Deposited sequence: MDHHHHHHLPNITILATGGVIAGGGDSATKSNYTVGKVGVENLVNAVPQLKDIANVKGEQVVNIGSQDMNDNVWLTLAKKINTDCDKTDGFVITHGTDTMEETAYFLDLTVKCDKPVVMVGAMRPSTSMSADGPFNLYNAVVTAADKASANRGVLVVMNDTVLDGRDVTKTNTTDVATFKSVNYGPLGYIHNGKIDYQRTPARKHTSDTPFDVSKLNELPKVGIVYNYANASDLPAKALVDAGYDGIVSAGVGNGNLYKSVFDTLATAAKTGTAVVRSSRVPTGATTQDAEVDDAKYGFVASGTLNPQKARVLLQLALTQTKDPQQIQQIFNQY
């Protein structure tokens, strides 16, 4: 009578939750054990492969992860997982040995989410603080708050009360099996770096990446993806010299749009829309497995 749920563990600050046995038959597997500040491409490749391979062995997946880069992993899996069963990511803001630790109830709600049949076909989900959040818009909004995880542009899909979810939204951007990114045979990802804009910004980070032959650069622009003059110069050069350039923003909400202050087509640049720099990096890496044409990368940025 209960669903089969596989917990895949990666570490982070998050048996000790026996009330799980009320809602699913849980099996645990250690994939890695790291703080997610050391999250990397290899871990991501491992996770997508495991999920895709093991899909027909379970009814859903919960991935325990650190909270620091949970938002990057959730979007990577959102674009590469082809399993059409729920994949829910979860962490904790307080250690398990601390007073009023969030990990037990968080895990419980993540299992609830992975077990719910209404959760399929919603893409990869993050479940934190009683809320089901899509892997594309979810981000860490505060450095220490238990309520930190929000979908700051388009909102949560669902709230969880008493083990039940009232879903009122689903992401429209294409995800999972509706994307072309197939990661099954890949052992590395294209090299993509992020540079930060501010007053009197150095061009040296952007130059270091270009000198290294990086495949992509994401700018964390000011305002609507704007670039400090030295940084602009160096990127405009990179984009005609073999490096794809995506303009995002350091600004924590809203789109980096087309048709603002930057002639994207003149420079061969791509506007990130609502993807923040770390998220744009995810979709840039995957675009680069398929194309290096900035027109075609911009299309990818317009659909996923």
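- Residues of the deposited sequence lacking C-alpha coordinates, counted from 1, fall in the stretches 1-7, 22-44.
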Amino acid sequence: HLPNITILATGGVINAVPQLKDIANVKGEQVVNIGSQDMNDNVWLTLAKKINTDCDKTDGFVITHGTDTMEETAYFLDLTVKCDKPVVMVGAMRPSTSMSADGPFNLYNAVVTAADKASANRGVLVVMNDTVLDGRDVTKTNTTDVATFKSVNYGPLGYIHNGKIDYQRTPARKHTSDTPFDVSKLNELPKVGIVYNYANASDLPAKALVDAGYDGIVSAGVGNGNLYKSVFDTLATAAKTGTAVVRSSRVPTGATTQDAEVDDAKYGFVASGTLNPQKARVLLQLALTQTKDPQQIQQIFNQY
From here on, numbers count along this sequence of modelled residues.
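- The PDB entry records a higher mean C-alpha B factor for 76-84 than for its counterpart among 192-200 and 76-84.
- According to the PDB record, 182-190 carries the higher mean C-alpha B-factor of the two stretches 182-190 and 86-94.
- Comparing C-alpha B-factors across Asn42, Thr64, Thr67, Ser249 in the deposited entry, the largest value falls on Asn42.
- Annotation for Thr253, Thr53, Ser272, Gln278: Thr53 ranks highest, by Cα B-factor.
- Among all modelled residues in its chain, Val218 ranks in the lowest third by Cα B-factor.
- Ranked within its chain, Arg169 lands in the lowest third, by CA B factor from the PDB record.
- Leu283: CA B factor in the lowest third of modelled residues in this chain (values from the PDB entry).
- When the CA B factors of the chain's modelled residues are split into thirds, the value for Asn129 lands in the lowest one.
- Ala147 sits in the lowest third of its chain by CA B factor, as recorded in the PDB entry.
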